Each structure stands twice: as C-alpha cells, then as structure tokens.
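Asker: Below are the structure tokens for one structure; questions will follow.
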Amino acid sequence: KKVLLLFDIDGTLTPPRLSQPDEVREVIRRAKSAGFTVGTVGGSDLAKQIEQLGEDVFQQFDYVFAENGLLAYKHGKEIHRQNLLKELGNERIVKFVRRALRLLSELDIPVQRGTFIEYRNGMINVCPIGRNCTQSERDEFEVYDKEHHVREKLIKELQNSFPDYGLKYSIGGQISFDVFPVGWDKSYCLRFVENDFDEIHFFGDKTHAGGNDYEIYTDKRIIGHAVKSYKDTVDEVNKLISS
Amino acid sequence: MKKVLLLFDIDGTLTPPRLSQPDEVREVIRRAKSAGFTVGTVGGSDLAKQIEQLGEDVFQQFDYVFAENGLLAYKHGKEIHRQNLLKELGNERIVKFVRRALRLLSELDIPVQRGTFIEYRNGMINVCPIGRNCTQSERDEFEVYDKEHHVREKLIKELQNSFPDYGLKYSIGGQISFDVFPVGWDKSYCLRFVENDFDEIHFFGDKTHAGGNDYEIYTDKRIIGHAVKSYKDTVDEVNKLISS
Ligand SMILES: [Mg+2]
Ligand SMILES: [Mg+2]
C-alpha cells in the first residue's frame with residue numbers, strides 16, 4: 001500500500017509568515033517512519049519553501065512542488081520544469097506584460113521599488129510595490145492593500161483587458177498575485193503522482209472556493225483535509241498514522 | 001617598498017565576453033598576489049553575477065570585491081560598505097522615476113518581453129527592456145536588436161527629459177540593461193575605500209571609452225589605467241607588472 005501526504009506550507013506546516021515548528025517536524029518524521037510518502041505543494045518559488053521549512057527541505061520531503069508543481073523535485077532531483085511560453089505564446093505574453101506595466105505605472109500607492117513583474121517557470125507574479133522592497137515596506141503594503149484593494153483592482157483591470165486569455169488570477173502571496181494558465185493551479189502537481197499511489201491525502205488552510213488550495217482539495221483523485229492551523233495538520237496526520 | 005592595488009573590471013577583462021573566468025586568469029591573479037600585489041574586482045552588476053562569472057570562492061580570490069560600482073563593498077569576504085539609494089533620492093523621486101520607467105516600458109514595440117524590468121538594488125536601479133527573466137537565446141537576440149533599434153538609449157533619453165533635476169547618471173553597462181544611479185556613484189565610487197592605503201592603483205577594463213561603464217575610473221587622476229580588449233590582453237598586462 002502506497003500513500004502520499006501532500007501539504008500546503010504557509011498556515012498548514014507553519015504559523016502564518018513564520019517557520020516550521022518542532023511539532024510539525026516530529027509528525028512528518030513519524031509519518032515517513034510508518035511508510036507514508038510526503039510532499040509539499042506551494043504556489044511560491046523554491047527559495048520561499050527553503051525559508052519556511054529549512055535548508056534540508058529536499059531531505060524532509062520526498063516531493064517538493066514549487067510554483068504549483070510547474071517546478072517539481074523528487075528526492076532533491078528536478079523532474080519537471082514547465083514554461084508559460086508554450087501555453088500562451090509570445091504575442092499574448094507581451095500584450096499581457098505591457099498592460100500590467102501600464103497599470104502599475106498608473107498606481108498612486110505610496111511606495112514602489114522594483115521587480116514588479118516576475119516571469120517564473122509557468123506563472124507570472126505581479127507585485128505592485130515590487131519584490132525588491134524591505135521587510136518593513138512589505139508589511140506596510142500588506143496593510144495598505146487590505147484598505148485600498150490594490151491587487152484586486154489590478155486583477156479586475158487585467159480580466160477586463162484579456163477576457164479570453166485562459167488565465168487564472170490567484171492572490172496567493174503577502175504582497176503579490178500569481179497569473180497562470182487555467183489548470184496550472186496546485187492540482188497541476190497530481191500529474192506526477194496520480195499513477196504511483198493508492199491514496200493521496202491533501203492538507204491545506206486555503207481550501208474554500210477562492211483559496212489557492214480549492215482545486216487540489218476538490219480534485220476527484222485526492223482525499224482532502226481542511227486545516228485551520230498546523231495544530232490541526234498534526235492531529236490529522238496523527239489519525240492517519242494510527243492504522 | 002610600495003603597496004600596489006590592481007583593480008579589474010570583470011566581463012571582457014577577467015572573462016571571455018558573457019562567459020566565466022578561465023583557469024588561466026585564475027592563475028595570473030594568484031601569481032600577482034604572490035608577487036605582492038593586492039587585487040580587487042569592480043563590477044557594475046550585483047554580487048551574485050560576480051559569483052557566476054568568477055566562482056563561489058571570489059572572496060578568497062580577491063582582497064577587495066566591489067559590486068554595484070563599490071556601493072556594495074567587501075574586503076577579505078567582510079562587508080565594509082552598503083550604500084542606500086533611498087537616502088540619496090528619497091521616496092518621492094524613486095516612486096516618480098519607477099512609474100515613468102514602467103509607463104515607458106509599457107509603450108515599447110519590441111518583439112520579446114518577459115519579466116524583472118526594473119531591479120531596485122542597493123545604490124542603483126537596473127532597467128532591462130526585455131526583462132532579466134528571459135532565456136539566454138532571448139538575451140543574445142535582444143543584444144543584437146538593441147544595437148539596431150537603440151531601445152535602451154531611447155528610454156534613457158525619455159527618462160532624462162522627464163527628470164532633468166534628479167541628479168542621475170545613466171550607464172549602458174550590461175548586455176540587455178542600463179543602470180541608473182546618482183552622479184558620482186559610477187565605478188570610481190570604489191576608490192574612497194582604497195585611495196589612502198596604496199602608493200599606486202592600476203585599473204584594467206575593456207569599456208574605458210566615453211559612454212563605457214569603465215570610463216570614469218579609467219580617467220581618475222588617482223588611477224594608472226590599462227585599456228584591455230580581452231582577458232588575453234589582461235594576462236599580458238598583469239604579466240608585464242609581475243616581470244617588474
Ligand atoms: Mg496556505
Ligand atoms: Mg567590461
């Protein structure tokens with residue numbers, strides 16, 4: 001019997017915006033000893049998972065899915081690296097990024113720095129303040145955006161400009177939003193595991209419709225566990241270990 | 001008895017164009033240190049680029065490592081200086097600058113654009129019309145395109161027209177980008193950290209002509225300048241100094 005346990009990271013394996021607690025490391029160690037395969041699926045880049053989970057994340061987890069699985073590792077080896085260009089084509093990319101640049105130039109937010117548009121493997125990250133800002137400026141913009149809805153207004157303008165582009169808009173991050181082809185949500189990673197496991201369990205804190213765990217949670221191929229915190233994840237994994 | 005410093009540009013000085021340090025250059029720098037020279041690098045790009053070009057042991061290879069023109073400075077792998085653009089320009093000017101850059105990038109008609117157009121570094125802003133997130137092929141294609149269509153040079157003209165009072169220098173240093181930084185924060189900036197510690201300072205670089213990102217340091221009166229065309233000429237010129 002082969003059972004895969006897939007975890008969202010922020011809010012599932014960690015307190016919000018902090019690092020993996022000892023209780024989480026303990027339960028993952030104990031799940032692997034029982035013979036569970038374990039994997040992470042985040043919407044961020046790998047560097048962000050190293051920051052939340054630690055430098056040895058490739059040893060802790062059998063599977064590390066970065067960018068929703070568009071960048072995939074098994075036992076620290078790259079098994080997949082998607083590219084957006086083959087899905088959208090150059091003309092649509094260039095029109096999209098030119099409209100995003102114009103919209104970011106029209107903002108009246110108090111702080112802007114750099115790295116507004118990050119072209120990753122199979123997604124574009126749009127960050128209104130720019131990813132090159134300080135921690136203090138990042139935390140400030142998070143609060144600003146709850147009052148002024150900067151990301152939500154930009155998404156609405158991009159939806160209005162590009163109705164038939166085949167893009168999903170996902171406010172995943174603290175100060176940014178993700179743009180990727182329809183179907184390249186976190187359920188994307190299931191193409192690498194669907195044929196290799198009897199059961200796949202998914203654990204995540206953002207499993208409501210609109211949350212970046214909804215598609216993987218509701219995929220017919222997985223057993224979903226909605227968790228409110230890492231304490232719920234530990235309780236749920238402990239139940240599965242019992243068997 | 002004299003203290004001598006040898007300062008090297010990196011791309012086209014320590015490396016073949018756009019490629020990494022050859023073992024031969026590694027050898028000549030070792031031989032210069034053995035002969036009693038202090039050696040340093042002065043790059044216009046970030047530190048991570050220098051590590052790609054020179055290797056993970058760059059801080060052991062060179063006594064001084066000057067990245068972003070010396071706005072980020074290391075001596076024996078210890079940070080001695082990190083400049084901050086915000087204290088020079090203030091937030092209002094940075095925000096107006098980057099919004100005008102974004103507008104201008106949005107109005108381009110170039111065939112390929114991807115991402116990381118505007119990089120806010122320690123003491124400079126890097127503007128890349130195609131975006132730093134493009135492939136090697138796309139980067140090499142844009143270098144040729146820009147030689148014909150002068151995209152960077154026309155963006156610089158628009159930014160200069162928009163911001164006559166901002167006290168900025170515009171430097172076409174890279175393969176696909178240009179740098180923007182306060183006047184006086186060119187590669188000559190690094191000389192403040194060394195000018196009082198050396199009897200003689202030599203500079204080797206390939207872009208020592210007016211409009212080149214090595215021009216101001218090459219022509220500084222504190223400098224003995226050595227215009228080189230390739231890393232082969234750098235080996236030759238350092239060999240001459242070792243031989244006396
Ligand atoms: Mg989460
Ligand atoms: Mg050069």
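Scheme for the structure tokens: letters A, B, ... for chains in order shown; per-chain residue numbers from 1; ligand numbers from 1 in order shown.
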Compute the chain B side of the contact with chain A at 12 Å, counting only C-alpha atoms, and hand it back as a ChimeraX atom specification.
Answerer: /B:84-86,90-122,124-135,138
Asker: Would you export the selected residues with N, CA and C atoms as a compact mmCIF listing (two decimals), in the first residue's frame, please?
Answerer:
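The file below, selection-v3.txt, is the result:
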# COMPACT_ATOMS: atom_id res chain seq x y z
N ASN B 84 22.79 53.10 0.06
CA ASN B 84 21.31 53.06 0.02
C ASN B 84 20.88 54.19 -0.91
N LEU B 85 20.19 53.85 -1.98
CA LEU B 85 19.68 54.84 -2.93
C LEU B 85 18.61 55.71 -2.30
N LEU B 86 17.76 55.14 -1.44
CA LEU B 86 16.63 55.88 -0.84
C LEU B 86 17.19 57.09 -0.09
N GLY B 90 15.37 59.98 -1.93
CA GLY B 90 14.09 59.98 -1.22
C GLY B 90 13.00 59.22 -1.95
N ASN B 91 11.96 58.91 -1.22
CA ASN B 91 10.88 58.04 -1.74
C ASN B 91 10.14 58.70 -2.91
N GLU B 92 9.81 59.97 -2.82
CA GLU B 92 9.01 60.65 -3.87
C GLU B 92 9.71 60.47 -5.23
N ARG B 93 10.98 60.79 -5.31
CA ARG B 93 11.68 60.70 -6.61
C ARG B 93 11.78 59.25 -7.06
N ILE B 94 12.03 58.31 -6.16
CA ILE B 94 12.12 56.88 -6.61
C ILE B 94 10.77 56.48 -7.20
N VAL B 95 9.69 56.76 -6.51
CA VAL B 95 8.34 56.35 -6.99
C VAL B 95 8.03 57.03 -8.33
N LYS B 96 8.32 58.33 -8.52
CA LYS B 96 8.01 59.02 -9.80
C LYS B 96 8.87 58.39 -10.89
N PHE B 97 10.11 58.07 -10.55
CA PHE B 97 11.08 57.52 -11.52
C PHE B 97 10.55 56.18 -12.00
N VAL B 98 10.27 55.29 -11.06
CA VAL B 98 9.91 53.90 -11.46
C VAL B 98 8.54 53.91 -12.15
N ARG B 99 7.59 54.74 -11.76
CA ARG B 99 6.31 54.87 -12.51
C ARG B 99 6.50 55.37 -13.93
N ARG B 100 7.45 56.27 -14.16
CA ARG B 100 7.69 56.79 -15.51
C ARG B 100 8.38 55.68 -16.30
N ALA B 101 9.31 54.95 -15.67
CA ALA B 101 10.01 53.82 -16.35
C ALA B 101 8.96 52.79 -16.74
N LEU B 102 8.08 52.44 -15.82
CA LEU B 102 7.05 51.42 -16.13
C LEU B 102 6.20 51.88 -17.32
N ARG B 103 5.82 53.13 -17.38
CA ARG B 103 4.99 53.69 -18.46
C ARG B 103 5.78 53.52 -19.78
N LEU B 104 7.01 53.92 -19.78
CA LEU B 104 7.84 53.84 -21.00
C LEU B 104 8.04 52.40 -21.44
N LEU B 105 8.31 51.49 -20.52
CA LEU B 105 8.43 50.06 -20.86
C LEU B 105 7.11 49.57 -21.44
N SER B 106 5.96 50.07 -20.99
CA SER B 106 4.64 49.60 -21.47
C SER B 106 4.37 50.03 -22.91
N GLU B 107 5.11 51.03 -23.43
CA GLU B 107 4.84 51.69 -24.72
C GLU B 107 5.81 51.12 -25.75
N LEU B 108 6.68 50.18 -25.34
CA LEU B 108 7.63 49.59 -26.30
C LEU B 108 6.88 48.71 -27.30
N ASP B 109 7.56 48.52 -28.42
CA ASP B 109 7.05 47.72 -29.56
C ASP B 109 8.07 46.63 -29.88
N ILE B 110 8.89 46.22 -28.91
CA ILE B 110 9.98 45.24 -29.12
C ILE B 110 9.36 43.84 -29.15
N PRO B 111 10.03 42.88 -29.79
CA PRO B 111 9.35 41.63 -30.08
C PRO B 111 9.17 40.70 -28.89
N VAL B 112 10.03 40.81 -27.89
CA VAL B 112 10.02 39.89 -26.73
C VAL B 112 10.13 40.72 -25.46
N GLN B 113 9.21 40.50 -24.53
CA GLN B 113 9.30 40.98 -23.14
C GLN B 113 8.82 39.90 -22.20
N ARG B 114 9.43 39.82 -21.04
CA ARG B 114 9.15 38.72 -20.09
C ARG B 114 8.91 39.25 -18.70
N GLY B 115 9.94 39.52 -17.92
CA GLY B 115 9.76 39.96 -16.52
C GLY B 115 11.05 40.39 -15.89
N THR B 116 10.96 41.07 -14.73
CA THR B 116 12.07 41.77 -13.98
C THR B 116 12.64 42.83 -14.92
N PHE B 117 11.82 43.81 -15.18
CA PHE B 117 12.17 45.00 -15.99
C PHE B 117 12.98 46.00 -15.17
N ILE B 118 12.63 46.18 -13.93
CA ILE B 118 13.13 47.26 -13.04
C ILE B 118 13.65 46.55 -11.81
N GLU B 119 14.95 46.56 -11.59
CA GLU B 119 15.55 45.93 -10.42
C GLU B 119 16.07 47.04 -9.51
N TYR B 120 15.50 47.13 -8.33
CA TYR B 120 15.92 48.10 -7.29
C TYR B 120 17.03 47.44 -6.48
N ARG B 121 18.28 47.87 -6.65
CA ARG B 121 19.44 47.26 -5.98
C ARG B 121 19.83 48.07 -4.74
N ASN B 122 21.08 47.98 -4.29
CA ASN B 122 21.49 48.74 -3.09
C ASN B 122 21.53 50.23 -3.40
N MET B 124 21.53 51.52 -6.85
CA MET B 124 21.21 51.84 -8.26
C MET B 124 19.91 51.15 -8.65
N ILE B 125 19.36 51.60 -9.75
CA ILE B 125 18.18 50.95 -10.38
C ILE B 125 18.64 50.39 -11.71
N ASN B 126 18.28 49.14 -12.00
CA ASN B 126 18.69 48.50 -13.27
C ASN B 126 17.41 48.40 -14.10
N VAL B 127 17.44 48.85 -15.33
CA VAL B 127 16.29 48.85 -16.25
C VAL B 127 16.62 47.94 -17.42
N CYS B 128 15.77 46.92 -17.61
CA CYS B 128 16.04 45.89 -18.62
C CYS B 128 14.79 45.81 -19.50
N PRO B 129 14.78 46.31 -20.74
CA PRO B 129 13.56 46.40 -21.54
C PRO B 129 12.88 45.05 -21.85
N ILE B 130 13.68 44.01 -22.10
CA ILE B 130 13.15 42.65 -22.34
C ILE B 130 12.76 42.00 -21.02
N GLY B 131 13.35 42.39 -19.90
CA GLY B 131 13.20 41.74 -18.60
C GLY B 131 14.28 40.70 -18.39
N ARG B 132 14.91 40.72 -17.22
CA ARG B 132 16.03 39.87 -16.77
C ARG B 132 15.58 38.41 -16.73
N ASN B 133 14.26 38.12 -16.73
CA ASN B 133 13.76 36.73 -16.66
C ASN B 133 13.69 36.04 -18.02
N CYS B 134 14.34 36.57 -19.05
CA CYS B 134 14.35 35.93 -20.38
C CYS B 134 15.42 34.82 -20.47
N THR B 135 15.31 33.96 -21.49
CA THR B 135 16.31 32.89 -21.73
C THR B 135 17.62 33.46 -22.28
N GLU B 138 17.10 34.52 -25.79
CA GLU B 138 16.31 35.78 -25.87
C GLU B 138 17.20 36.99 -25.50
Asker: Can you tell me, as a VMD selection string, what residues are no more than 12 Å from residue 28 (chain A) when counting only C-alpha atoms, ignoring any on the same chain fewer than 5 positions away?
Answerer: chain A and resid 4 to 7 13 20 to 23 33 to 40 53 57 59 to 62 230 233 to 238 240 to 241
Asker: Compile the contact shell of residue 222 (chain B) as a short mmCIF file (atom, residue, chain, number, x, y, z; two decimals) with N, CA, C and O atoms, in the first residue's frame: residues with an atom at most 8 Å away, counting only C-alpha atoms, same-chain residues fewer than 2 positions apart removed.
Answerer:
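File produced: selection-v9.cif:
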data_model
loop_
_atom_site.label_atom_id
_atom_site.label_comp_id
_atom_site.auth_asym_id
_atom_site.auth_seq_id
_atom_site.Cartn_x
_atom_site.Cartn_y
_atom_site.Cartn_z
N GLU B 195 41.90 54.68 -1.50
CA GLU B 195 42.77 55.72 -2.09
C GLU B 195 43.90 56.07 -1.11
O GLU B 195 44.94 56.55 -1.57
N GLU B 200 50.15 53.18 -5.34
CA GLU B 200 49.72 53.08 -6.76
C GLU B 200 48.49 52.18 -6.84
O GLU B 200 48.45 51.10 -6.14
N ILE B 201 47.54 52.58 -7.69
CA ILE B 201 46.33 51.79 -8.04
C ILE B 201 46.24 51.72 -9.57
O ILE B 201 46.20 52.79 -10.22
N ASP B 220 40.30 58.56 -13.83
CA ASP B 220 40.51 59.17 -12.50
C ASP B 220 42.02 59.43 -12.31
O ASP B 220 42.81 58.56 -12.71
N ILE B 224 46.27 54.58 -12.40
CA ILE B 224 47.05 54.20 -13.61
C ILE B 224 46.17 53.24 -14.41
O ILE B 224 45.98 52.09 -13.97
#
Asker: Grab me every residue within 6 Å of ligand 1, counting only C-alpha atoms and all ligand atoms, and send it over as a ChimeraX atom specification.
Answerer: /A:8-11,205-206
Asker: Output N, CA, C and O atoms of each residue in that selection to a file, as a tab-separated table (two decimals), in the first residue's frame.
Answerer:
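Final output, saved to again.tsv:
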chain	number	residue	atom	x	y	z
A	8	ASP	N	0.10	21.82	1.75
A	8	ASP	CA	0.36	23.28	1.58
A	8	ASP	C	1.37	23.68	2.65
A	8	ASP	O	1.49	22.94	3.64
A	9	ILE	N	2.09	24.79	2.50
A	9	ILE	CA	3.12	25.14	3.51
A	9	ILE	C	2.59	26.22	4.47
A	9	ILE	O	2.36	25.90	5.67
A	10	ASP	N	2.47	27.46	4.01
A	10	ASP	CA	2.14	28.59	4.92
A	10	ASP	C	0.76	28.33	5.52
A	10	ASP	O	-0.18	28.10	4.75
A	11	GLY	N	0.67	28.28	6.85
A	11	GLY	CA	-0.59	28.11	7.56
A	11	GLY	C	-0.99	26.67	7.76
A	11	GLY	O	-1.99	26.46	8.45
A	205	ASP	N	-4.91	25.04	4.35
A	205	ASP	CA	-5.65	26.07	5.13
A	205	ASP	C	-6.48	26.98	4.21
A	205	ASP	O	-7.26	27.77	4.73
A	206	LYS	N	-6.32	26.88	2.89
A	206	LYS	CA	-6.96	27.80	1.91
A	206	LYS	C	-7.84	27.00	0.96
A	206	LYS	O	-7.78	27.21	-0.27
Asker: Can you list, as a PyMOL selection string, every residue of region 26-236 of chain A that DSSP puts in alpha helix (DSSP H)?
Answerer: chain A and resi 26-34+46-53+57-60+84-88+90-105+135-148+150-161+214-217+230-236
Asker: Limited to C-alpha atoms, could you put the picked residues into a file as an mmCIF file, in the first residue's frame?
Answerer:
data_model
loop_
_atom_site.group_PDB
_atom_site.id
_atom_site.type_symbol
_atom_site.label_atom_id
_atom_site.label_comp_id
_atom_site.auth_asym_id
_atom_site.auth_seq_id
_atom_site.Cartn_x
_atom_site.Cartn_y
_atom_site.Cartn_z
ATOM 1 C CA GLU A 26 8.080 15.500 14.610
ATOM 2 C CA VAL A 27 4.803 14.369 12.881
ATOM 3 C CA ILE A 28 6.399 14.398 9.369
ATOM 4 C CA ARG A 29 9.384 12.282 10.710
ATOM 5 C CA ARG A 30 6.862 9.854 12.337
ATOM 6 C CA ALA A 31 4.697 9.686 9.118
ATOM 7 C CA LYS A 32 7.763 8.754 6.993
ATOM 8 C CA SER A 33 8.758 6.042 9.626
ATOM 9 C CA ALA A 34 5.259 4.468 9.234
ATOM 10 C CA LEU A 46 11.615 27.113 -4.058
ATOM 11 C CA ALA A 47 13.596 29.823 -2.157
ATOM 12 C CA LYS A 48 10.384 30.612 -0.197
ATOM 13 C CA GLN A 49 9.949 26.916 0.825
ATOM 14 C CA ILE A 50 13.640 26.782 1.958
ATOM 15 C CA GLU A 51 12.891 29.875 4.138
ATOM 16 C CA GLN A 52 9.741 28.370 5.802
ATOM 17 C CA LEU A 53 10.798 24.670 6.059
ATOM 18 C CA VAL A 57 13.599 20.561 2.726
ATOM 19 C CA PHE A 58 14.651 18.101 -0.098
ATOM 20 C CA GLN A 59 15.613 15.536 2.626
ATOM 21 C CA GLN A 60 12.473 16.205 4.783
ATOM 22 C CA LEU A 84 4.476 29.570 -19.837
ATOM 23 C CA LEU A 85 5.547 30.407 -23.434
ATOM 24 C CA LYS A 86 4.425 27.066 -24.824
ATOM 25 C CA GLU A 87 0.921 27.520 -23.289
ATOM 26 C CA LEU A 88 0.254 31.259 -24.059
ATOM 27 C CA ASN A 90 4.813 35.152 -27.201
ATOM 28 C CA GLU A 91 2.162 37.618 -28.548
ATOM 29 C CA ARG A 92 -0.182 37.064 -25.564
ATOM 30 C CA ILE A 93 2.695 37.223 -23.019
ATOM 31 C CA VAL A 94 3.994 40.508 -24.451
ATOM 32 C CA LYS A 95 0.481 42.092 -24.616
ATOM 33 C CA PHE A 96 -0.226 40.907 -21.048
ATOM 34 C CA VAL A 97 3.042 42.238 -19.534
ATOM 35 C CA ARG A 98 2.675 45.572 -21.440
ATOM 36 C CA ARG A 99 -0.824 46.064 -19.996
ATOM 37 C CA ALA A 100 0.392 45.087 -16.479
ATOM 38 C CA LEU A 101 3.278 47.601 -16.816
ATOM 39 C CA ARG A 102 0.831 50.386 -17.866
ATOM 40 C CA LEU A 103 -1.497 49.574 -14.965
ATOM 41 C CA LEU A 104 1.392 49.530 -12.425
ATOM 42 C CA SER A 105 2.572 52.934 -13.829
ATOM 43 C CA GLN A 135 10.523 43.681 5.153
ATOM 44 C CA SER A 136 9.040 46.870 6.781
ATOM 45 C CA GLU A 137 7.807 48.121 3.377
ATOM 46 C CA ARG A 138 6.348 44.672 2.565
ATOM 47 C CA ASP A 139 4.475 44.582 5.908
ATOM 48 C CA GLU A 140 3.225 48.178 5.310
ATOM 49 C CA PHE A 141 1.936 47.323 1.806
ATOM 50 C CA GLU A 142 0.091 44.223 3.163
ATOM 51 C CA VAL A 143 -1.960 46.536 5.433
ATOM 52 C CA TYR A 144 -2.355 49.225 2.707
ATOM 53 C CA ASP A 145 -3.734 46.574 0.298
ATOM 54 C CA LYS A 146 -6.437 45.471 2.842
ATOM 55 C CA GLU A 147 -7.795 49.087 2.853
ATOM 56 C CA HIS A 148 -7.206 50.050 -0.841
ATOM 57 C CA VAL A 150 -4.691 47.395 -4.996
ATOM 58 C CA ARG A 151 -4.189 43.768 -6.114
ATOM 59 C CA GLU A 152 -7.937 43.069 -6.532
ATOM 60 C CA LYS A 153 -8.390 46.244 -8.670
ATOM 61 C CA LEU A 154 -5.376 45.299 -10.860
ATOM 62 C CA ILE A 155 -6.797 41.768 -11.371
ATOM 63 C CA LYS A 156 -10.187 43.316 -12.379
ATOM 64 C CA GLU A 157 -8.432 45.575 -14.940
ATOM 65 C CA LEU A 158 -6.464 42.593 -16.384
ATOM 66 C CA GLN A 159 -9.651 40.464 -16.569
ATOM 67 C CA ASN A 160 -11.404 43.334 -18.397
ATOM 68 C CA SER A 161 -8.447 43.717 -20.853
ATOM 69 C CA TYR A 214 -9.543 24.780 -3.554
ATOM 70 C CA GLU A 215 -8.759 22.978 -6.855
ATOM 71 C CA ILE A 216 -6.392 20.400 -5.268
ATOM 72 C CA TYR A 217 -8.785 19.924 -2.276
ATOM 73 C CA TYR A 230 -0.596 23.467 11.865
ATOM 74 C CA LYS A 231 -2.096 22.083 15.129
ATOM 75 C CA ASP A 232 -4.980 20.634 13.003
ATOM 76 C CA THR A 233 -2.445 19.224 10.480
ATOM 77 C CA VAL A 234 -0.582 17.371 13.340
ATOM 78 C CA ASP A 235 -3.958 15.968 14.665
ATOM 79 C CA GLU A 236 -4.987 14.843 11.127
#
Asker: Do a neighbour search on residue 45 (chain B) at 8 Å with only C-alpha atoms, toss out local chain neighbours closer than 6 positions, and write the hits as an MDAnalysis selection string.
Answerer: chainID B and resid 67:69
Asker: What residues of the protein or nucleic acid chains come within 7 Å of ligand 2 when you use only C-alpha atoms and all ligand atoms? Reply as a list in words.
Answerer: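 Written in the requested form, the residues are residues 9, 10, 11, 12, 13, 205, 206 and 207 of chain B.
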Asker: Residues as selected, N, CA and C atoms, written as a short mmCIF file (atom, residue, chain, number, x, y, z; two decimals), in the first residue's frame, can you do that?
Answerer:
data_model
loop_
_atom_site.label_atom_id
_atom_site.label_comp_id
_atom_site.auth_asym_id
_atom_site.auth_seq_id
_atom_site.Cartn_x
_atom_site.Cartn_y
_atom_site.Cartn_z
N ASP B 9 37.87 45.33 -13.86
CA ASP B 9 36.51 45.08 -14.41
C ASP B 9 36.38 43.55 -14.58
N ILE B 10 35.18 42.99 -14.73
CA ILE B 10 35.03 41.51 -14.77
C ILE B 10 34.74 41.04 -16.20
N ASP B 11 33.59 41.40 -16.76
CA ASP B 11 33.21 40.92 -18.12
C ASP B 11 34.19 41.49 -19.15
N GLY B 12 34.80 40.62 -19.97
CA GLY B 12 35.72 41.01 -21.05
C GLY B 12 37.10 41.40 -20.55
N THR B 13 37.34 41.34 -19.23
CA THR B 13 38.63 41.73 -18.61
C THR B 13 39.20 40.47 -17.96
N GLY B 205 40.34 47.50 -17.69
CA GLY B 205 38.97 47.30 -18.19
C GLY B 205 38.91 47.48 -19.68
N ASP B 206 37.85 46.94 -20.28
CA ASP B 206 37.59 46.95 -21.74
C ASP B 206 36.65 48.10 -22.16
N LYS B 207 35.99 48.80 -21.23
CA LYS B 207 34.95 49.80 -21.62
C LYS B 207 35.35 51.17 -21.09
#
Asker: Work out how far CA of residue 122 (chain A) is from CA of residue 181 (chain A), in Å to one decimal.
Answerer: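 CA of residue 122 (chain A) lies 8.0 Å from CA of residue 181 (chain A).
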Asker: So which one's closest to residue 36 (chain B), B:82, B:139, B:229, B:2? Using only C-alpha atoms, please.
Answerer: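 Selected residue with least distance to residue 36 (chain B): B:2.
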Asker: Please return, as a PyMOL selection string, all residues of region 49-186 of chain A that DSSP assigns to strand (DSSP E) on the basis of the backbone.
Answerer: chain A and resi 63-66+71-74+77-81+117-119+124-126+167-170+177-181
Asker: Can you tell me which residues surround residue 71 (chain B) at a distance of at most 12 Å, considering only C-alpha atoms, apart from same-chain residues fewer than 4 positions away, and format the answer as number ranges by chain?
Answerer: B: 42-47, 65-67, 79-85, 121-124, 181-182, 184-193
Asker: Please report the interatomic distance between CA of residue 156 (chain B) and CA of residue 227 (chain B) in Å with one decimal.
Answerer: 26.3 Å
Asker: Counting only C-alpha atoms, which of A:149, A:200, A:225, A:192 gets nearest to residue 78 (chain A)?
Answerer: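 Under the stated criterion, the closest residue is A:192.
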Asker: In terms of the shortest atom-to-atom distance over only C-alpha atoms, which of B:51, B:73, B:194, B:29 is closest to residue 14 (chain B)?
Answerer: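 Looking at the shortest contact to residue 14 (chain B), the residue is B:29.
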Asker: Quick one: distance from CA of residue 173 (chain A) to CA of residue 44 (chain A) in Å, one decimal?
Answerer: 7.7 Å
